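Chains SX0, SW0, SAA and SN0 are the protein sequences, given in the same order. Heads up: the first sequence begins at 1 in the authors' numbering, then just goes up one per residue. Heads up: the second sequence begins at 1 in the authors' numbering, then just goes up one per residue. Heads up: the third sequence begins at 2 in the authors' numbering, then just goes up one per residue. Heads up: the fourth sequence begins at 2 in the authors' numbering, then just goes up one per residue.
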Amino acid sequence: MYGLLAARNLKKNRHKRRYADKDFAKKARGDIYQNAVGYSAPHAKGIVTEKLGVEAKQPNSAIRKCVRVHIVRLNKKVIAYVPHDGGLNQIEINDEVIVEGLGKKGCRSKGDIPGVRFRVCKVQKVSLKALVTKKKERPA
Amino acid sequence: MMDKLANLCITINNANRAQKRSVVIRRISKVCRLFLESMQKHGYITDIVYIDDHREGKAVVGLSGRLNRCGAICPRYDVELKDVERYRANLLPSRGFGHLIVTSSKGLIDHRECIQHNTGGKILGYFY
Amino acid sequence: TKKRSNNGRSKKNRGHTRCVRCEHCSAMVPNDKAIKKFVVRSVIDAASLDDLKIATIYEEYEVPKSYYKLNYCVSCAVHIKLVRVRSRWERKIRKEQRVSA
Amino acid sequence: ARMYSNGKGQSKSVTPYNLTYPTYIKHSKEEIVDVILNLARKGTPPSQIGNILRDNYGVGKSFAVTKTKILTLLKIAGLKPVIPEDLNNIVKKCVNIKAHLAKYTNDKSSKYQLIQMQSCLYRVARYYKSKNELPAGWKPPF
RNA sequence: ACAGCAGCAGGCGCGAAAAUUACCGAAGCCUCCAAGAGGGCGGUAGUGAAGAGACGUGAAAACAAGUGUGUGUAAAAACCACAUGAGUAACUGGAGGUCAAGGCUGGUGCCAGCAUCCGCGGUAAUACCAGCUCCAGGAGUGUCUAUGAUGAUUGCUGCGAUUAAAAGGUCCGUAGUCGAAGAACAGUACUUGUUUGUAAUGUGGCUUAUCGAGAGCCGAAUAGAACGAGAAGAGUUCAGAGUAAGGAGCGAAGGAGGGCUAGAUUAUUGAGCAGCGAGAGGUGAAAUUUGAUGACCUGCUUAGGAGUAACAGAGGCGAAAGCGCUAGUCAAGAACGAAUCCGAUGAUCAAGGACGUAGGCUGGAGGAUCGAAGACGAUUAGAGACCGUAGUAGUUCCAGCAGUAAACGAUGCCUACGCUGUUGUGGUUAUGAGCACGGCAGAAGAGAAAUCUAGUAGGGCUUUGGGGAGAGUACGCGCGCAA
RNA sequence: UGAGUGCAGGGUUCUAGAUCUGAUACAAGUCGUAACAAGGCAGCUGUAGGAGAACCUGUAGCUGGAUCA
Ligand SMILES: [Zn+2]
């Protein structure tokens, strides 16, 4: 394939090789639009339906606080994590929450939380960081 | 069959590494003659004899102490005068010495003569 | 990792070889790999030759010998102690063993 | 290397540096030229013509005296064969193998040799029917 | 009956996502029968930390932002000039390592939380929650999401395939990519001149807004096309030329290479008959089991179906799978010797075609030995297994199907350049040596090492890998009687 | 020249479904112990039977073997 007039053979061969890369393959041949946050959108709105808790992976020993969210844009139901110290207390059933990604290349689990892929950002139009640290109050 | 200009290069490179002063090279073509004659002009090789054996051809050559390395490029890429310095920087060790040889309508010439004559050509080989 | 340069057998420049059967357990082993042992044993024991000298009718007598070639598989040769495990530099030494009696 | 098998033999014979004229010989030009054309009409292949000239009449390579090659002389005399002698010897070997297999059908080794032989025939045919030495629709005797 | 905002404002929805139902006889342009009329085209401001410049938040004597006039414009506001007051003006992320900066004080005790990654916390936490001091950037700083770089982890330059992931089981073969020396010839590619071909952007500059982005003027330019020129490489032809390129042929010889015909020395079983009169077999040790219907062992007769011991090897032959008794017969091949003939006929290979141990399947022949399945005897907690007794399909042959192996020297095929000693096999020999096919032991280089079919290298062509898993699995398709 | 609309079919993409059958994670549940030491019958590859389950048995192969002899 290294001959001077071999360009056609060379091009067709090298194109076919790239499908061995996971990155190129997923963009070409996988379902890249299945996710609430990803290629489609940076943030997602949804309504809280259940409060939930999950164990951390070994060797850690903890209960992590999680929320069941119905996503407006897809009608899927997903699990999200609630970040801050007393955070679970700032959320009621049937509140609206905005939800965000964990920051890995694909949608992947982070740290010791098994199988959860998003986190809460805002509750009832206001920043959760401000709610928890008592800098601002619920809209009421 | 091997390329004759490739065979020439490996034969002299190995013999130089083994610290021999002379070699016999077994299959010769028209551009092989012109390549060797170029290395003689720049004082990399000293003495050349050609044997007219009626079977292809063969040469006997004396090596100088100045030759570090030589090589052929395959395939022989076409180059504009704008392109030659790219190949010069890729192949040669220093901006101060060594030769990159190019075939042209004016015979074999080096990368300096290309500037003088204002001509590109096809890339052939190098030595330093 | 590769333990021996010859793969533990004497086959070179061939596809396939005849098999033989182990003396101790009847397992099949390739002829070029089997451990071989030669035996030359008198029919009459050394502890009887002094009686033979008064028992025989002939003026002189030569005792008949019996001849054998025996074959062993690796497991049997190691267990019967025809061969033993050896160090990484000893493995390379090749010398002919004695004929048994 | 060899074309149908893994051979790398090197047995050949050296061609001389210069050819001269064979003055040690005991015949004229015209006699040698007569000897060739007789051997030709009797039906000998041109490689055998060469062997006889060397062995019996004492002339090496059969050209130093004539300034002309054996097959060209046969075309000048009009004695040219219908098929080139190489292609002709390939058809013969094929026929032989098919005549063996016709009575000893079980021989897988002979079957193997036939498919090799047959391939070589068509590769040679395509050479000659490009140089206009055979009619375009020529086909094997099979 | 009427009606169609992917015109300008504006509203509702949808979403993670985007401004005023504002002024306009002025600037740039367009339209008419016009010393005039029209234009949401266009211009002017308002709104918003998408982007980009220049500067405030003090000095050691003495500091923005305000205000009033003038300007500015279509009218304005801002900008600039002079004159008045004065003394206002920092946050975001961090402080165990990567990675700049605290083993500080108090709470909490695998809780609550933190942490991109590695990891912290079970009562002595520089990592959680706070106080206090430090660090970094600073009118800005954190997070999420796509992409370029990191990355020689996509490799033209420039990676890998003995053992880490990775050379097709072996051949033939089309399309495709790649192809001697010598003597000559021609100009379409190739390279280059002149002329065309670029507003903005970008590039090399100079000049004016306090400065700096900004604005204004200059010069050269890509790919593409027109006409000339040069002939090294590539291309075409020739034969007083004949490759350590190929094919055809000659001579003497070598080999478990293959098909067929006709024979062979023993051995293992089975029957017949004769002798003898009590055990044989099997194991680590024993039991199933067989024997007075005479076993076992020793004779003589016979009947079958497999196989070729020892010699026999780091020996030979074959494309691989594979091939071992003796004669006769039938085709083709490899190597060697040499002054035979033809002359580029060649390398590698998608598609397509032929062979392929064993076990398996369809039909016929046959059936000694061995033995999946099945059945017993022992051993064990239990053995369905390992061991012993027995026993069927298969194991052999002819005519076919099938298509897999740790089909491995785990090392593709042609072709090169390469140190020494020793030992083989077959020819030839000036007896000094060579040519083809091997084994072995060092060296030098190489490599993560072990080691070396792995040294040197932009020679040609095909196959093939890209962190573990799921997975050589699902769906579709092609072959097969099925597997 | 033809908009619309009947009636059969196809081509695409989604979605329902009694029941069955894969995979993955299961702090540590039940039964054995198949592999790694000659792992207690040396291991592994192809093929064919059998079996609670790892697996066991015949046949040809390989050393990555417990032998460069
Ligand atoms: Zn044994």
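Every residue, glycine too, gets a C-beta built ideally from N, C-alpha and C.
Residues of chain SW0 whose Cβ lies closer than 9 angstroms to the Cβ of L10 (chain SX0) do not exist; the shortest such Cβ separation is about 12 angstroms. Interface with chain SX0 (8 angstroms Cβ-Cβ cutoff): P75 (chain SW0) is included. By alpha-carbon distance to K122 (chain SX0), the top candidate from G111 (chain SX0), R64 (chain SX0), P83 (chain SX0) and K105 (chain SX0) is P83 (chain SX0).
Restricted to the region 16-91 of chain SN0, not a single beta strand (DSSP E) segment is unbroken, complete and at least 3 residues in length. For the C-beta of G3 (chain SX0), the chain SW0 residues within less than 9 angstroms are, from N- to C-terminus, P75. Of all alpha-carbon atoms in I25 (chain SW0), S22 (chain SW0) and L34 (chain SW0), the one lying nearest the alpha-carbon of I109 (chain SW0) is that of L34 (chain SW0).
For the 8 angstroms CB-CB criterion, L63 (chain SW0) and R21 (chain SW0) form a contact. By the neighbour-count criterion, in which 16 or more other beta carbons inside 10 Å mark a residue as buried, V30 (chain SAA) falls on the buried side. Note on geometry: alpha-carbon atoms of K93 (chain SAA) and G9 (chain SAA) lie some 11 angstroms from one another. Straight across, the Cα-Cα distance linking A56 (chain SAA) with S49 (chain SAA) is about 10 angstroms.
Per DSSP, the unbroken alpha helix (DSSP H) holding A6 (chain SW0) starts and ends at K4 to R17. For a cut-off of 8 angstroms, the C-beta gap from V67 (chain SX0) to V48 (chain SX0) is around 6 angstroms, short enough to register as a contact.
With distances taken between CA atoms, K82 (chain SAA) lies nearest to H25 (chain SAA) out of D33 (chain SAA), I58 (chain SAA), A47 (chain SAA) and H25 (chain SAA).
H43 (chain SX0) and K22 (chain SX0) have their C-alpha atoms some 25 angstroms from each other. Contact annotation: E96 (chain SX0) and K26 (chain SX0) have beta-carbon atoms that are not nearer than 8 angstroms.
For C74 (chain SAA), the shortest separation between its Cβ and any heavy atom of ligand 1 lies below 7 angstroms. Close CB contacts of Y5 (chain SN0) within its chain, under the 6 angstroms cut and outside five residues either way in sequence, are with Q117 (chain order). Annotation: the region 96-128 of chain SW0 contains the following complete segments of the alpha helix (DSSP H) (minimum length 4 residues), in chain order: 113-117. Of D108 (chain SN0), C95 (chain SN0) and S14 (chain SN0), the smallest CA-CA separation from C121 (chain SN0) is found for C95 (chain SN0). Look at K109 (chain SN0) here: in three-state DSSP terms it is helix. In the displayed model, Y39 (chain SX0) falls within coil according to three-state DSSP, outside both helix and strand. For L52 (chain SX0), DSSP records a beta bridge to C66 (chain SX0). Taking a 10 Å sphere around the C-beta of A28 (chain SX0), we find fewer than 16 other C-beta atoms and assign the residue as exposed. Relative to the Cα of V79 (chain SW0), the nearest Cα in the group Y50 (chain SW0), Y44 (chain SW0), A6 (chain SW0) and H111 (chain SW0) belongs to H111 (chain SW0).
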